[PDB]
Amino acid sequence: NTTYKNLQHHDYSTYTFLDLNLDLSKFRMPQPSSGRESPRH
Amino acid sequence: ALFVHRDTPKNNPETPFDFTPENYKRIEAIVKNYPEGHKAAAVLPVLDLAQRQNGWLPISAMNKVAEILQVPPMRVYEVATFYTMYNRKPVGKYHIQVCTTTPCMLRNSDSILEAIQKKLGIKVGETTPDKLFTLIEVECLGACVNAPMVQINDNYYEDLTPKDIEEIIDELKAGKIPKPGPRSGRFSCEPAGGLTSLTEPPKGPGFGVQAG
Amino acid sequence: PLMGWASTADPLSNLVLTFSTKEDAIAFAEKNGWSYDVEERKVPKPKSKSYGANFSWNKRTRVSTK
Amino acid sequence: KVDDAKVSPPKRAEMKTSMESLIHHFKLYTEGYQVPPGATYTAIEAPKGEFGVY
Amino acid sequence: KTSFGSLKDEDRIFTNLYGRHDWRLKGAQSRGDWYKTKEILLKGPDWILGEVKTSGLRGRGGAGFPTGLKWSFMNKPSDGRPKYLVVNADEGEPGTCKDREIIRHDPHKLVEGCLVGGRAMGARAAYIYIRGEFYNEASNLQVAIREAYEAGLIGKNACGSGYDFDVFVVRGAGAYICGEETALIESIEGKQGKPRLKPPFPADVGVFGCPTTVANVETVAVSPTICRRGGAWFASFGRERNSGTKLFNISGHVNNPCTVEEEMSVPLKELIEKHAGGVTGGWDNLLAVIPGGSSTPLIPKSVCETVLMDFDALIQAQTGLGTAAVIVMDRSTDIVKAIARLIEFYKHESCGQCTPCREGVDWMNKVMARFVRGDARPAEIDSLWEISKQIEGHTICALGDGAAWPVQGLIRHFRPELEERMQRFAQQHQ
Amino acid sequence: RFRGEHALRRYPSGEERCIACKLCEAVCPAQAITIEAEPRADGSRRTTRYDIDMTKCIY
Amino acid sequence: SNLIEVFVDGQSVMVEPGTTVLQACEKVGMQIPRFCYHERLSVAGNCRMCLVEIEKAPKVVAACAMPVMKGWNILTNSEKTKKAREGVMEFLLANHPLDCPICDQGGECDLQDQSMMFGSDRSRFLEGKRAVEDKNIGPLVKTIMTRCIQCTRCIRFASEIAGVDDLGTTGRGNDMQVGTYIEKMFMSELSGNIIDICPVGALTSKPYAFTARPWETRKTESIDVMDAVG
């Protein structure tokens, strides 16, 4: 197929990466902790 | 390129700098992705949020990021002085990156460099006596398969010529922005001959597989 | 008092005798008569360090810089 | 001189523009070059006679 | 065995090169995604590793480490520490656009492949690292992740079975070193991107101390197709060590510089002229050919007219095969100037861990400046040879090595232009 | 190239040529050089006391 | 029972598991020359000086951070070990300025001693020689940052003993300035102990600065005061 199936990329605004990271935050297993909350606590 | 701060106010903390609570919810999504115990890994996305909010980051932005992520600021200063996307000098609206190394310069980037130079006026690496025309030439970006390239704010321009230079710069003066994609036809990264790629509509899951 | 130097009435002030063992040192000092103070040898203590331990997961030994 | 700059000091041109020759000049005149352990003897013909050095 | 190999249609591993029928999970299903993958997943990861080593996947990105050995190191028994999969998507070797095409026109097969890799080795979460130059393509990737989540088929309890698998995306901030094997890992860690030391492997201590691994995007793309298709159907294209299909792209000096899928071997003259327009000015106009990209020595005219495009062939030619900039360059450009600009790029992007790459690229940049201006002696060009023998392999990463190799190729092949340049500088000053 | 007076030099319309880098006292085979060094209020490193013993000087 | 056999040029010796090549080589007396490794800190590898040709390997590897498999043989006095030392020592002295008179580590350098005993003699690299302008770290510690060989020893000392985290690497390639970015006069405890850490003449004492050069002064045993630890 010789037709450009994209231009789905064309509408991308300068906030959309953080928007998708924002909206896809659910089903997040707890990113496992280790002792203190931080290297300096 | 003067990697020591040397305050010069319009810098010199505290410069008044603060975000949006919507951006604070972005911040909480960012340090909710990474696991507990290593909060200090989201420094580069939070600093990316700071750049996308305010076009260049001041030093009070770095103090703000350090107090948000409860880290000493020195790691934020390291990450700010280390990478390329973060310009500690103040810039304009649009930012010009003329990429030219191995296919780009060897496919005659110097015509594009001359066109940008004698169209805009200011020399390479420097800034402009207005906004929206901070010009730097840059090293490779990845998008190599075409003519030497121009990056503006999260957009590309390939397959150039000085009349396209005149058109794109006059239309950024006007404010109407052209497409990120290629030029001279060939609507993607294409073999631009007689379509030597696939032509048939692909079958996929239908034909002979095994252990599936 | 004429040049600003450090004179001394000590001919023995610039002696040093580099030896190889403590036993022959004590034997020579007792052989030649004068008294002596023995300080004992101190090696550097062997340690237990590793780069993977500098990249810990839930141990606090973390490089925090690089 | 020998072309072994870790024993004989270099000359002025390379001394004023090198790096290795300046370092060799500096430490060669402060410390003195190290000499491997052992006892040697030799003797040449002084006009008196056997000038020996041990 | 094939007679040096070429493209036969529908044997393309992935279709939809650019702008084709749609851009959707429905289009992925029409092209061959989400088809009978649960029966592959619920058979056991040992069978997936057997399928991949049946295909015999040579590792991509211009390294040479095969995927089967790496993911067989990834079969550690699971302890209290989880397992991570990191999909690297930077484009170094300037001239690339390797996976720019893939992440711009088909993220769905990448989602398929990261799900396959997460099941096949006990991994639990996959971080996908995109270059910071790619905001719009990153947002296309975010739209595709939203579509795959909105299908309700990845995220938690994938394929209907009780198997959660989350995928995240971390942007780049612009580097060459973040593409490498371990500076990637610490760049995710929030510390500045700097490689670790190798004998503690990433499969033992990785992202903060967990057994992880890093996959190239071409490996992620080819991985569900080998699972859903037959054993060694992929392996029937080319030789025995290297096997399968690869993107050979000319990003550089030809008429219509572009990208083509091909098999593992190809005659180079057919590759250059019978697929991508023609050479600028004819076949006899070019001065030389660089394969690989930028971490590869050059190949001159009398060698490029005969040598086939295999990994073992370029080992026999003392070079290293990479991706997408298998390009020629004209006599009308000075290869000294081109390689000197590449050395300037190497200086502009390199971290400062190791002393030898730092100071060696410093000397080579200043000395290639003195060669473009021609203000040296032939002892200097042999000194550049000696230092390029000194640097190689005495570092952490391969950026110092990939700065050593172009100097090696230039000295092994194009001595006489250097001698004539220096003689013309002698005629100029005298 | 006679060896006589033990004189000093100075820069062209400039300050004292010595730095007090103690090389001459490190090499002086009768140790007749005596250097005690201090920096002044400017910042460049200099001396306090630079003494040649003419008795010990073997030249 | 937890032993490892290595041959140091034929001389067999036993190695505890997990340790380095360098601790065993220092156990048999061979001081492999080092610049970034120091035993009070963690193990970086950024100085590259400790390369040593370990047998049946075409690549010459570091010795400060090598795990010790059973049954090695360690060739310290080979050919290409000396060639790698010549190369590395020639690389260090390129962008290092001619300051050995006005340095304060004339008797106590490390480049000087190890470049006599291990390096080349005829230099190269005719032009070039960039320079990094100094900073103002503290009025107790005089600081010249052109002589910094970027060895990352003061940084590890800060982040692992001082815990202050004010010194960092800035830049890439040749251009790596090491220090504090923000014109802050770094003042903390044990900041006087950084002039003994810095192996080259880049961090010297400010009040001592230019009074002597250490071959004249004689060294004498004594016991500390003002602290109850000594």
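Order as written gives the chain letters A, B, C, D, E, F and G; numbering starts at 1 within each chain.
By definition in this document, a contact is a pair of C-beta atoms (placed from the backbone, for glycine too) under 8 Å apart; a residue touches a chain by one contact, two chains touch by 3 or more.
**Q** To get from chain B to chain E along touching chains, fewest steps?
**A** Shortest path length, in steps: 1.
**Q** Check A-B against D-F and say which one is joined by more contacting C-beta pairs.
**A** Answer to which pair has more contacts is A-B.
**Q** Measuring between mean CA coordinates, which chain is farthest from chain E?
**A** Farthest chain from chain E, going by C-alpha centroids: F.
**Q** Taking each chain's centre as the mean position of its Cα atoms, how many Å separate chain C from chain E?
**A** Each chain reduced to its C-alpha mean, chain C and chain E end up 55 Å apart.
**Q** Averaged over CA atoms, how far is the centre of chain B from the centre of chain G? Could you give it in whole Å?
**A** Here chain B and chain G have centroids separated by 39 Å.
**Q** Counting only Cα atoms for the centres, state how far chain D is from chain G in Å.
**A** Here chain D and chain G have centroids separated by 28 Å.
**Q** If I count partner chains per residue in chain C, which residues reach a count of at least 2?
**A** In chain C, 50-51, 56-58, 63-66 touch at least two other chains.
**Q** Chain F: which residues touch two or more other chains?
**A** 23, 26, 36
**Q** Which residue numbers or ranges of chain B touch two or more of the other chains?
**A** Touching at least two other chains: 33-35, 37-38, 40, 45, 72, 75, 78, 82, 154, 180, 187-188, 197, 199, 201.
**Q** Which stretch or stretches of chain A touch chain E in the complex?
**A** The touching residues are 1-10, 12-14, 16-17, 19-21, 23-24, 26-29, 32, 34.
**Q** Which residues of chain A touch chain C in their complex?
**A** Residues in contact with chain C: 33-36, 39-40.
**Q** Flag every residue of chain G that touches chain B in the complex, lowest number first.
**A** Touching chain B: residues 135, 165-172, 175, 177, 180-183 of chain G.
**Q** Considering the complex alone, what residue numbers of chain E touch chain B?
**A** Listed in rising order, the residues are 7, 9-10, 12, 15, 17-19, 21, 29-33, 35-37, 39-40, 43, 47, 51, 90-92, 94-97, 100-101, 104-105, 131-136, 168, 170-176, 187-193, 208, 227-231, 249-253, 256-261, 275-277, 290, 293-294, 324-325, 327, 329-330, 333, 338, 341-342, 345, 348-349.
**Q** Would you mind writing out the residues of chain C in touch with chain A in their complex?
**A** Those in contact with chain A are residues 56-60, 62, 64.
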